[PDB]
**Q** 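Sharing a structure, written as structure tokens. Questions coming.
Every heavy atom of this structure was used, including side-chain atoms; hydrogens, water molecules and symmetry mates were not. Below, chains carry the letters A, B, ... as their sequence lines are ordered, and counting in each starts from 1. Both ligands and their constituent atoms are indexed starting at 1 by order of listing.
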Amino acid sequence: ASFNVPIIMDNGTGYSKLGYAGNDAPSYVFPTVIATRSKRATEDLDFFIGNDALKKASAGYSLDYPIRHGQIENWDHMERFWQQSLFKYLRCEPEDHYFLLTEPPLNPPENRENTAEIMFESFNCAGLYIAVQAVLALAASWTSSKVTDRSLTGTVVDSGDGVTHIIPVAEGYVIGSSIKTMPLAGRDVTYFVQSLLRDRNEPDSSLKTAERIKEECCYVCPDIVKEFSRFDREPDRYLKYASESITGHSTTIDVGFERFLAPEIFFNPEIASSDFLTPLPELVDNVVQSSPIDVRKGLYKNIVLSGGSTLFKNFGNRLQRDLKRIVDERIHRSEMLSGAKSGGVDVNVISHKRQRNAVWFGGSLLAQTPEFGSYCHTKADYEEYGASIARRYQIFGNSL
Amino acid sequence: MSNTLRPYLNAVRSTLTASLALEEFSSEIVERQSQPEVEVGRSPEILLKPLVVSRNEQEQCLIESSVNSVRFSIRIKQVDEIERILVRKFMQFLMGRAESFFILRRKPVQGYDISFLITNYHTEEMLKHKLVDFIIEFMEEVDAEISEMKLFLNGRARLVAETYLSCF
Amino acid sequence: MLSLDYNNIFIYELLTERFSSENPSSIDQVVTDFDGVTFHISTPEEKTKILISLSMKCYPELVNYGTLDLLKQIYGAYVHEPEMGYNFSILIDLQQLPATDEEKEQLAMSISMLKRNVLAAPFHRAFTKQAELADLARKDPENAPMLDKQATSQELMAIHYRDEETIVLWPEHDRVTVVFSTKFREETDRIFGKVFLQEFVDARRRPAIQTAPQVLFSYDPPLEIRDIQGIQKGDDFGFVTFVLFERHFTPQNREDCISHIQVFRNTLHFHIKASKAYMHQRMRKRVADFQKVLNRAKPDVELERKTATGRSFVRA
Amino acid sequence: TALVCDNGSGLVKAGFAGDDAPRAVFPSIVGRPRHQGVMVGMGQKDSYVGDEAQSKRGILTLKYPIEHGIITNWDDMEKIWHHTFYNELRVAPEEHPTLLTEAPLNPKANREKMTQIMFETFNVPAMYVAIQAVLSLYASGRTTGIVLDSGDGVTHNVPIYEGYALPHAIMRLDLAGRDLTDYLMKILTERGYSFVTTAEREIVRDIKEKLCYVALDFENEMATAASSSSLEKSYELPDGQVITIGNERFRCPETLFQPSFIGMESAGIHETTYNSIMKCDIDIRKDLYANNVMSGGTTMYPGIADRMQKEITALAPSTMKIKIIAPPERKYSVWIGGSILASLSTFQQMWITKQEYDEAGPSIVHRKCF
Amino acid sequence: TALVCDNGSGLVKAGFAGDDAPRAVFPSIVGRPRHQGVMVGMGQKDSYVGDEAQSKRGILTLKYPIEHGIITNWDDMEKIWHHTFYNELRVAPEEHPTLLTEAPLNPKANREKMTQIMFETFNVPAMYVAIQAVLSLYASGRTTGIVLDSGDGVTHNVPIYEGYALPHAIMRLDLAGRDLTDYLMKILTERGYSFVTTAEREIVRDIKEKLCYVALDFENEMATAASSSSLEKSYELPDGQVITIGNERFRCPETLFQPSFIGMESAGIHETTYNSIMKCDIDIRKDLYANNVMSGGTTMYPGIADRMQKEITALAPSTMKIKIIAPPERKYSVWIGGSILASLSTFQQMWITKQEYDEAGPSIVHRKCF
Amino acid sequence: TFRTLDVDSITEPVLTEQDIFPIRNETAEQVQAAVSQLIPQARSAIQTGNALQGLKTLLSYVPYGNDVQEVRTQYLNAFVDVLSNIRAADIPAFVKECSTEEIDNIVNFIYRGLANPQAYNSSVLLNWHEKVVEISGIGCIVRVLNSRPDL
Ligand SMILES: Nc1ncnc2c1ncn2[C@@H]1O[C@H](COP(=O)(O)OP(=O)(O)O)[C@@H](O)[C@H]1O
Ligand SMILES: Nc1ncnc2c1ncn2[C@@H]1O[C@H](COP(=O)(O)OP(=O)(O)O)[C@@H](O)[C@H]1O
Ligand SMILES: Nc1ncnc2c1ncn2[C@@H]1O[C@H](COP(=O)(O)OP(=O)(O)O)[C@@H](O)[C@H]1O
Ligand SMILES: [Mg+2]
Ligand SMILES: [Mg+2]
Ligand SMILES: [Mg+2]
């Protein structure tokens, strides 16, 4: 492999985190959005991305998010997003560098195939590793890079903008049969905040204002009928949020029960959706109880949080208490049949200083390894087998 | 386009239309299953002989045929390295859409640029004279499509040259 | 983008943040650039003090062409001892900044512009020596041919600035000539790059851009570079020549001309990549034309009425 | 399927994409009681909509929320849209995309509030706003022509050549069937009959819809009526008393050809059509003259197509064939062409979607619906 | 069989060597839509070329890639060449050697770039670039004469004696059919007709082709047209409107004899033809005067050969005969002569072959062609 | 692992082509002599300018077998050389007077010619294909699809 630093690109549904292996942060963290125009033809040169795309809606560009619900679904826009990432922001030559890419555990064979042909034929990268994204978020949880600080067994709950998935990993191996996914994350709680501002007919219900009300005003409560009652009993529970309009004037928004009812989307997904029903503490139980019996203590002892939509105030404490309730009720059913007390299991949900970008920090830490260039597809593999080299699922069991 | 291609595309049309006498046929090697027999080859009595129609050493058809399936594969004009790149990538976008063009393969057979599989079900559920019209209209136009793409590539190479060289 | 930025965008945004910031956090950031260049940005002793260091494989050649003198002239009191594994370094102290937002902005710009400033010294050496030769040729126009013939060999700069590009340049009394001994090693970029290099030279023959530097192209080397060490006439290099005349490096235009000529092969490389995205949209547009030729084989049938989620509907 | 809602100034016309005709067609009216509600219970309501307002009208003040193609009252327009979805079509609007319509040269805010109410009040999955005359050209089976569309509140001319609209040549005229109804009230007053209330304005609209017609030569018809009983005929009011009228039958529609009858300084609908053709580039004019398409209820008068052809033949050079296309279904051509458009497969990519509105706000309509 | 193209400045003439006339003759034009397509499912194309651009011109801006015999837009020229091959002749360019054609005294870059595009973009097996005036002698059956060739973009004189050209006596005049269309648009304005757009220019080109002629004595014709309406004619626009035309009917073509009408300091076509003969060696002049060949569309005006013989007889010494050979097929004589040349058995070693180009580069054309 | 071991190829032997098509009732040297008598007649008919009788005589016997590729390719060399020497105006009058078995042999051997363009001129074989299918119909290609694999 080349001696140049690998380039790390976590392309999320909400945000892309771009940087180089071994740095103390991503070089860029900006929305996974493209601004596109809607006698020589140049409208495919005229686009913008990230923070510079958000500035272009008033100039008549159509904004789009080429990743939705965790999966790339517009390969024209994702190719233009990557070329602009590589040549504007990272300012790099693909021929000199190995790349770490990411996508959700479910992601189609078709997506890794389409990713490999853009990377090896459009850009001609030296080599590509498409990582299992929340497996990197386990490695970001270490107290330091030294081997004695590693905890190679843990459940990881990743919750970004587009999807939340719970991954069991034990001794560094991903138990792919036990992956659970909930199709609801940080964007669906924004659409719920937006919908509640809109039901009150508030002066502003733009998407940025609903987003900023999540980041600043929202938190996870114990129980929504007790918390609705606390919003009768105590008057300063309602906040006032000052927002500036697209046409440049002030507004003031009263923010109310969406402060607790919007983060409740994870703990009662029947608020968000007709199609998904199991709450996150029961969904994490289903991951560990489908997983092999000898790893269950290790998977409960280390439940790592990952992705921006896990950062709600009191989120890890609600998950820990509700999962500890599920776990001890199941252990006590067995103690009451057997007539003897167990040792129990400690359920620990872990929030940590790198939790916001744990996939990128893990990708950086794993791409720093001396062995890394041997796990990549090299362009010499792609010259023989084409994009079919990337098609086989890494995380799940394959037939053949 | 068809003055130079006319003798060739008439031979392709006539023999593709002879070859599409397809039928429902279940497997003799697997029970309660049917498979496109040209694509599996496990029972040779229901394979018809493979026929090559050719204009040139570089411009060729292979027609492979069976009781319930035809596989049709083509080599297309690539007279320079720009056309070798442009053809390969155009066929990859076209075969990437194969679920919506129901008679496309997702991969060509080795040594061919694009390939088609017409099965019994396609001759039952689609107008088979319009299937062979789509094959011949694809063969008639693809050389004009690819040559126009190398005009667009020339036109962009001029755009960046004039934009660059005019800001001294 | 139709054109590349000249400066490192990360260094510009980071310094524009830290020069404004109320409370600077620490940093430890290795940052890549084009042509194998790399930067290290860090706070190695205090959060208050940022060290920016450049690594560049041709820096020893550039020092022979007066680079340290230009970097001391540009960065002044901020110049620092080189960091280990880096060729040049600058220390900026966040409590020692200029008194205005506009001086801070042009300092954040100046430090982001550092790759093109280290690489500008051979071009300033050629422009300032052309002004000496211009004055001598203005003194005696019949001695000028011999001054130009000796300056073509005695005042030539070659920079082997990456393993597949040599930039060669020299002054004569009315011009600076610069030759890019240029190559693409990736085979699809060599094929598209032949079209880009051909249409580049043919563009300069059209009436609309006669105001530009003269351009010439070949794939043996220009006569006056044939015996420069590391130029080789069979080794798949093309040779793009620019003749900058006095009007292309007039005092209002020198620094833009330097910035813009250094990025030549980088704009060509970038546009050879971006042309693939253009070809791909050209392709999938006529995949959608060929759909309509297959759609005429679908026999016409009415589908049942469905709601937006695809659930069946029972009305009309 | 998708809803098509041609919410015009005088009638709401609504239904489903791919249907032969609108299955909901009702007055674009909200009615509110103007009298002492003395009996307790009695099935009384705070307001009434459409055919319920039109049948109760003797006790209601009637008002249209839309005038000259512009929504003037959004609270009553939401009341009308609610009546379309829940009462008249009997659908969940959150299950169906909706194709809406408006006249050209409307206020920008009309399109914005119309998209906002569809996504935020009615929770629609997707919507689009079409120009009404562009819809009427699909209902003609044509891809070139000039469409003269005249409804209740607005008349407009849109020229289209080979699917390209010429937006500089588009004409609007804020004169249509409501101005003709108001003028029929003003001239009925001269023969002896006063119609004054918003309820009596519906009686004289019904007189206009079956007594009135367009004369081929107005001064000959005016002289023929001034000298004979033969143009005179009668109508019976709800009260059973009889109205007889004569030259009022063709003087009312003549206001489309002579807007000065209502004090307007504008060309008539014939000369406005010719002025739109003459604003188009010289090569397209021949095919516009051969394709004058009539639309909307104010084009339903007897003799108006024969008059329009006579008048445009005098303005155009004699060297070419003027043809006026006036289908018997032209009462609904905007809705018919909306049901064509909403059923096309490329149009399925042209919708503004819920997700795309939520990301962009109501300004998304100005950069997607033209 | 070889291909032959006169890529003229106004028309493409294309076909096969050994045929009697061009297979394809069409406008050397690319048209692009100026308006927005409002109608879904229409056959909307990114650009149109030739007769399809000319047919759709009311919605297109029209551009010619060739100006004054020089290719000014290489992208639109490549669109025209692609249209000649794949749509008009409908043959693949790799299959036949192609005879292209050029005016004398052109930029050397025009011929190199034309050569590079045929060998590397269209991948032709062999090609050649002939001078248009040399081909006009092949069509005329001559090996001695002076050709006055005048197309859409350039007028040129080439004197040839017994198969030898005299390249010092060659004359070029960047004034031909397009400059006469520009001037007819300008002098139509003074009778009150406004033609401005790129499509109205094509109507004025048709007015010039249908009605203009060369007046044998301009001041007697100006006095005649001032005295009576007998010189006036009428033309009907695509709008069905009629325009009537008088002295501007012959004052337009007089710009060939009086270039100062369009403000340019140069000799008229009679004086450039005489100056070309007077640059030749004294013994050959006597045979050049008897062998004036006229070619191209701008030589098609009624009366131009009579005017041209009158003016050359006034310049030349009266002791010897002036004869001008202006045949009725002269509109296609460059192509006809290219079909003759590419058909000669003694020409088949004169092609530039692909194998001979890619050992020399596009400068091969300057040593294989005149 | 067991999944990849081919048991079917040894436990259930499939039909061979000679179970579908009857064995050739002539030896390799017997057919090689029979063709070596015909090729000189086919060459000689070109020199007298009677290439139509050159085909009518060459077509009177056809070699087949996987043991005879050398004499099959020599017969195909003579067949394409004969078809290249018949004038294009004679083809319609000759095709209508061929038997269904002679037509079946012509359309079979133009197909063997079209499979190898570096040896054979496709332009004349496609001209013969157009005229043979125009006069005798689609069923002649259907007989080639159904034909023996060692023709
Ligand atoms: N403090 C916070 N509290 C709650 N949600 C947050 C917070 N900070 C960021 N988010 C939300 O996290 C999501 C982005 O997380 P990220 O991990 O970057 O998602 P992704 O990788 O899928 O694009 C957005 O919905 C964002 O608004
Ligand atoms: N038969 C008719 N004769 C005259 N006027 C008619 C006729 N039918 C309808 N109208 C008039 O047309 C108008 C309604 O037409 P419509 O196209 O539905 O308008 P809108 O779309 O703007 O609501 C009313 O003024 C109505 O009285
Ligand atoms: N009958 C005519 N009378 C006058 N001018 C003509 C006539 N026919 C054609 N033209 C002019 O000559 C041009 C075409 O002549 P042509 O010889 O084909 O020119 P070119 O080779 O440059 O394309 C037309 O575009 C028009 O300007
Ligand atoms: Mg994410
Ligand atoms: Mg209306
Ligand atoms: Mg010409």
**Q** For E:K13, which part has a heavy atom under 4.0 Å from ligand 3: side chain, backbone, both, or neither?
**A** side chain
**Q** Which residue holds the protein heavy atom closest to atom 5 (N) of ligand 3, what is that atom called, and what is the gap in Å?
**A** E:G297 O, 3.5 Å
**Q** Give the atom numbers and elements of ligand 3 that come within less than 4.0 Å of a heavy atom of E:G8.
**A** 20 (P), 21 (O), 22 (O), 23 (O)
**Q** Side chain or backbone, does E:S9 bring an N or O within less than 3.5 Å of an N or O on ligand 3?
**A** yes
**Q** Given A:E103, which of A:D10, A:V132, A:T115 fulfils the side-chain contact (heavy atoms from CB on, under 4.5 Å) condition?
**A** A:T115
**Q** If you measure from the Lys or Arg side-chain nitrogens to the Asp or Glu carboxylate oxygens, is any gap between E:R249 and E:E221 under 4.0 Å?
**A** no
**Q** What do you reckon, does E:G296 have a nitrogen or oxygen under 3.5 Å from a nitrogen or oxygen of ligand 3?
**A** no
**Q** Between ligand 3 and E:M300, is the shortest N or O to N or O distance under 3.5 Å?
**A** no
**Q** Could you check whether the rings of A:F266 and A:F315 sit parallel, tilted or perpendicular, using 30° and 60° as the cut-offs?
**A** perpendicular
**Q** Any idea which atoms of ligand 3 are less than 4.0 Å away from a heavy-atom of E:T298?
**A** 12 (O)
**Q** By atom name, which N, O or S atom belonging to E:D6 lies closest to the Mg ion (ligand 6)?
**A** OD2
**Q** Answer yes or no: does an N/O atom from E:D6 fall short of 3.5 Å to an N/O atom of ligand 3?
**A** yes
**Q** For ligand 3, which atoms, with element, lie under 4.0 Å from some heavy atom of E:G10?
**A** 20 (P), 22 (O), 23 (O)
**Q** Show me which atoms of ligand 3 lie under 4.0 Å from any heavy atom of E:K208.
**A** 26 (C), 27 (O)
**Q** Drop me the distance from E:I29's CD1 to E:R57's CZ, to the nearest 0.5 angstrom.
**A** 9.0 Å
**Q** Ring centres under 6.0 Å, that's the criterion: do E:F261 and E:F218 meet it?
**A** yes
**Q** If we only count heavy atoms from C-beta on, is the A:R354 to A:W360 side-chain gap below 4.5 Å?
**A** no
**Q** Heavy-atom contacts with E:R205 under 4.0 Å: which atoms of ligand 3 show up? List them by number with element.
**A** 25 (O)
**Q** Provide the closest heavy-atom pair for A:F81 versus A:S85 in the form atom of the first, atom of the second, distance.
**A** O-OG, 2.7 Å
**Q** Report yes if some N/O of E:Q132 lies less than 3.5 Å from some N/O of ligand 3; otherwise report no.
**A** no
**Q** Are the side chains of E:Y48 and E:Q54 in touch, meaning some heavy atoms are under 4.5 Å apart?
**A** no
**Q** Pull out every atom of ligand 3 sitting under 4.0 Å from any heavy atom of E:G177, numbered as shown with elements.
**A** 27 (O)
**Q** What orientation do E:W81 and E:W74 show, parallel under 30°, tilted 30 to 60°, or perpendicular over 60°?
**A** tilted
**Q** Tell me the contacting part of E:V334 for ligand 3: side chain, backbone, both, or neither, using a 4.0 Å heavy-atom threshold, strictly below.
**A** neither
**Q** What orientation do A:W82 and A:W75 show, parallel under 30°, tilted 30 to 60°, or perpendicular over 60°?
**A** tilted
**Q** Measure the spacing between OG of E:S140 and CD of E:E329 and express it to the nearest 0.5 Å.
**A** 8.5 Å
**Q** Would you say E:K331 touches ligand 3, if touching means a heavy atom closer than 4.0 Å?
**A** yes
**Q** Give me the residue, atom name and distance of the protein heavy atom closest to atom 4 (C) of ligand 3.
**A** E:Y301 CE2, 3.6 Å
**Q** Among all protein non-hydrogen atoms, which one is nearest to atom 27 (O) of ligand 3, and what is the separation to 0.1 Å?
**A** E:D152 OD1, 2.7 Å
